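Peer 1: Quick one: the structure is below, questions incoming.
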Amino acid sequence: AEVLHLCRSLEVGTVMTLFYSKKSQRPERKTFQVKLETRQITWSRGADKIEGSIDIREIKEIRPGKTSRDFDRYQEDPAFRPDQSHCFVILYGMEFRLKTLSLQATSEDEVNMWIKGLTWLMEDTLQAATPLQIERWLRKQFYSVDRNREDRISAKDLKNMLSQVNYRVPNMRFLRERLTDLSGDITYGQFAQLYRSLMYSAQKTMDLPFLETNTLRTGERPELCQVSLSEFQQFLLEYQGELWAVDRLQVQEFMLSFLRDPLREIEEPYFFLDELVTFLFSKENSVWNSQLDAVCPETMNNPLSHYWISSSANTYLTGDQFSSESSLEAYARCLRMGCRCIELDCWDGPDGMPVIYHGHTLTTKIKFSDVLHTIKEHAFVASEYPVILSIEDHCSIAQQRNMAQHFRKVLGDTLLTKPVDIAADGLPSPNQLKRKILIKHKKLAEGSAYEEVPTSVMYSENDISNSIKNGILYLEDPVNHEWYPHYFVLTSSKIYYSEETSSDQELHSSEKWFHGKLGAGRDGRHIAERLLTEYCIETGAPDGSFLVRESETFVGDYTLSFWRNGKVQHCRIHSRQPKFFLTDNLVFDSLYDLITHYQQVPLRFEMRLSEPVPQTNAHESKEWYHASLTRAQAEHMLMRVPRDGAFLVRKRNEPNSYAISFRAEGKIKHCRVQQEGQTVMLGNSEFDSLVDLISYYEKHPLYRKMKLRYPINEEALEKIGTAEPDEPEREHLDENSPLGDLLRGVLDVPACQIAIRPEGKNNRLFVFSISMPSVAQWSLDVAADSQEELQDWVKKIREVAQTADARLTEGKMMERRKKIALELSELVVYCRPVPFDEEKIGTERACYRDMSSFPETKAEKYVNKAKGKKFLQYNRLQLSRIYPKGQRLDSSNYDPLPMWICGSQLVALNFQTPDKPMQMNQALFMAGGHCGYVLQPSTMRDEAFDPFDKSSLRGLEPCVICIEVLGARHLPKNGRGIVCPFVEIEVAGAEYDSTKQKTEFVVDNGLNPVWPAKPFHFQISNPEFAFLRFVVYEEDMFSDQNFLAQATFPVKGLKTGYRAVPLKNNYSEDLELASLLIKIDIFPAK
Ligand SMILES: [Ca+2]
């Protein structure tokens, strides 16, 4: 069909030029291909050596051109200059930040072919059929663990692969023994057949009212008995309630659509029992009614003040508000996900063009024309409804004319200049503002010059902006004395220092086969087999094994040994300064390559060595070890140190059990790790060696967010810099602080005296240590990286000591600020901020155009029993923007449900933060396919509704919902251990409906678990506004609740009967094959 030809042609491959993301790597030439078996894009180092490839499913957008970071980085040097019609970039990822791949071709036709083929492949693979998706998943999981396509995987490989997909295998020789190698141990067909057999057998305990009633359960393992068409014809009418099942033709079409098989297409379609059970979970059985995913033009004709428009704040950023970078990719992603309100913060630019960055903060600056271009490029790709640009300006006034001119010229007709209806008493409906962009700014008053009227912004409370001077200075480490970075802010009379912030953007010895020292002469000869012969008893070396290490009889050489025909030969490697070579063998530049070379050529005198062997006695030599150690001493050393995170390992009396003692929140915790032969485990998780365990946990969390960081030994305590030795000011809480939760201490400048230290500081040279003469034994040494900064900080601090506070009021009342320009202020026609007056609510003196802004703090004083009712009448006619308080330096969001129910529309969030409010915001907009606009229910638009009074609901029909979860399938992994999942259900809404109920937790099963029956009853008084949320938590060995997957749905558009619930991730991105099965019943008016 003129497309398969294109796909197969693309399968051939082509030679592209890759521009690496990292600056160090030079642009290079590679070979690219598309694999249609698993729908992958694969590039190879050479002709057929693949380097990792990517999945077509994750492709989020394809853009032709060179607008990417790598090209701009390399655009300077005139050696790899790109061309506007010979390069493109691929965007992929499942997070807010999208990874990019920058490619260059040789001709335009080649690029056109590639882009068209990839677009079509992505479109086809997106909406596939469940059996096809399962087949592709099997193919990927099989080949990925198969370096070649020979389709050969051993028993150990199958066991490990099963262990890697959240399913333990305690049944030795589990289930079946079809062949058991009685060359390919498990072919693809055998793999798929066994997969379906297991997925059916392990999930047979769930009892259904119709599946097992068809004279089934006789005992046949394959259960060839196929469900007839008529039984489905009746069932779909009985339980599911699909009226479409009345006609046989529609049912038959459904059968064919789900099946997608030609051989069975021509004879009375049927389902086998396994296929039926799999169909239960399929998206075709999804509880969410896909019919609602469209956008109804009827529900887009109300005044704009009613819709719960999306929003975001601090878009240019991509992380914490203090040191995160700024990029246009954030703007693109936010506009794509379905946002309609974004904020711009402008500052004076060196060349007359502003730069967008956070005021008085270490935020990387970006240009303005580039931001405008990105806005124009990604404005109406995901919708056709207006977007509002709120501008925060701090620039000059000539910069204001420049901004206005650039905006007009670039945006052309898309920018508003006239109002749709001057005489209209309400904001025009969204349909009237299709393909438009609104501009929001402080606006100029009816007078002249800078003017807002009150100017009395009396908040003026501590923050990153209203400070004497901020910056990043290092602090010493009492244990090992490393100058980690910290955040310093100089306030009027106090300073604040935060917790460490690490947030940012040999080979032969480390080799597994490298055993290190073994003995001295004869011991090495005999000990060599002592660590191998006793090891191979586990499984047995296939065609022998090998071991190599430093040679004993030959100093400066390595001895090579290998088991062969009941003999362990001894060899030597001649290391001559540098081309290492064996006896009468080709030279090799390194030992690592010397051994590897033998593993490629088929040395089968030529011996080919098998897989290497891991080592065990590697933890003993390390410092963090104690052969003998009792509890009391354990916690004594653990509490001796002043920092939290210290860890150590100790022996335990019963064999093969060790303990890890660590510190957290000023408390001791002990974790028991068991050992068995060639395995270790603190729980369901499995690790090869204790050294491997610590290394994995040295860079990954173990308990809560703590990370093993300080290895503790008597020497470390002896060299301890200071731990409250010989009253300090560590302090706690102090919530009302500039640094929100990041605060770690406080100090008062007036009582401090400053003395510079132009002396031999440890590896530092810019020090202005602070001393406390009032209380002896205090020295707050602070380092820096330049001479000028040290002087600037010191001078500012000294002024504080003799400041002699004389400011008129708290944080000043502001003064001549920007001299607002006419050009920039002329554009705004809607959404012009003004002060908030309570008396105007409900009167004839309030205009619909004006809005107001709340930093969640003056807002939390309106969402209450006394003010909720009055505040509700305000959002009916006017808008109201709510943004997070300045104290939140982690970008943490806030629960907006009270704000939404109260009627506020533009509830801005922080998209970069994957937290519960963001998930709720994403879920709420499902009604419309993320079009960005959702209409308010009819109940909230009545004169008697009250957000905090059940009886006020009047004549709304209540609802009673009965839920019973049967089981899960394909739960994602978390860390290394096997998840012990429990699914908790929650109803969210008003304060008088919110509730949560949790089930029990299954042990060591996450691939297909089923829970004991326990019907759940829920009651809702306001079905129109509610949210049903399933969260699959895991019960770790520390009795804590971690996050695996979530699924939130509005209650309005839900089906009945037996249903499947697809899962997602914390970022609201669909998972693959993960879902739940439930029985749901609704009893309206009962
Ligand atoms: Ca701002």
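Note on naming: chains are A, B, ... as they come in the structure tokens, residues start from 1 per chain, ligands start from 1 in the order shown.
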Would you mind listing the residues within 8 Å of ligand 1, counting only C-alpha atoms and all ligand atoms, as a list in words?

Peer 2: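 Listing the residues within 8 Å of ligand 1 gives residues 313, 314, 343, 344, 345, 358 and 392 of chain A.
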
Peer 1: Write to file, as a short mmCIF file (atom, residue, chain, number, x, y, z; two decimals), in the first residue's frame, the residues of the selection just made, with N, CA and C atoms.

Peer 2:
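Generated output (result.cif):
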data_model
loop_
_atom_site.label_atom_id
_atom_site.label_comp_id
_atom_site.auth_asym_id
_atom_site.auth_seq_id
_atom_site.Cartn_x
_atom_site.Cartn_y
_atom_site.Cartn_z
N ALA A 313 3.35 28.28 36.56
CA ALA A 313 4.15 29.39 37.05
C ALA A 313 5.62 29.02 36.99
N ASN A 314 6.46 30.01 36.71
CA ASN A 314 7.90 29.80 36.54
C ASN A 314 8.16 28.74 35.48
N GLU A 343 4.04 32.30 32.29
CA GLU A 343 4.57 33.53 32.85
C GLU A 343 5.95 33.82 32.29
N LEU A 344 6.23 35.10 32.06
CA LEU A 344 7.52 35.56 31.58
C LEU A 344 8.09 36.58 32.55
N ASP A 345 9.35 36.40 32.94
CA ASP A 345 10.05 37.32 33.83
C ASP A 345 11.21 37.94 33.06
N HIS A 358 15.61 34.42 36.60
CA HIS A 358 15.07 34.74 37.92
C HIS A 358 15.85 35.90 38.54
N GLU A 392 6.20 39.58 33.54
CA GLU A 392 6.78 40.16 34.75
C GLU A 392 8.02 40.93 34.31
#

Peer 1: If you count only C-alpha atoms, which residues fall within 7 Å of region 39-42 of chain A, apart from same-chain ones fewer than 4 positions away, as a PyMOL selection string?

Peer 2: chain A and resi 32-35+50+52-56

Peer 1: What are the DSSP strand (DSSP E or B) residues of region 508-562 of chain A, as a ChimeraX atom specification?

Peer 2: /A:546-550,558-562

Peer 1: What would the file look like if the residues just selected were written as a short mmCIF file (atom, residue, chain, number, x, y, z; two decimals), in the first residue's frame with C-alpha atoms?

Peer 2:
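Output saved as out18.cif:
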data_model
loop_
_atom_site.label_atom_id
_atom_site.label_comp_id
_atom_site.auth_asym_id
_atom_site.auth_seq_id
_atom_site.Cartn_x
_atom_site.Cartn_y
_atom_site.Cartn_z
CA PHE A 546 39.24 -18.92 33.34
CA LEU A 547 40.98 -16.94 36.07
CA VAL A 548 43.74 -14.35 35.71
CA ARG A 549 45.58 -12.11 38.17
CA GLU A 550 49.06 -10.80 38.96
CA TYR A 558 49.93 -11.71 34.99
CA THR A 559 49.25 -15.45 35.26
CA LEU A 560 46.46 -16.89 33.10
CA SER A 561 44.73 -20.10 34.18
CA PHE A 562 41.77 -22.03 32.80
#

Peer 1: Could you list, as a list in words, every residue within 9 Å of residue 501 (chain A), counting only C-alpha atoms and ignoring same-chain residues fewer than 3 positions away?

Peer 2: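 So the residues in contact are residues 484, 485, 486, 487, 498 and 504 of chain A.
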
Peer 1: Taking only C-alpha atoms into account, which of A:1020, A:449, A:752, A:601 comes nearest residue 816 (chain A)?

Peer 2: A:449
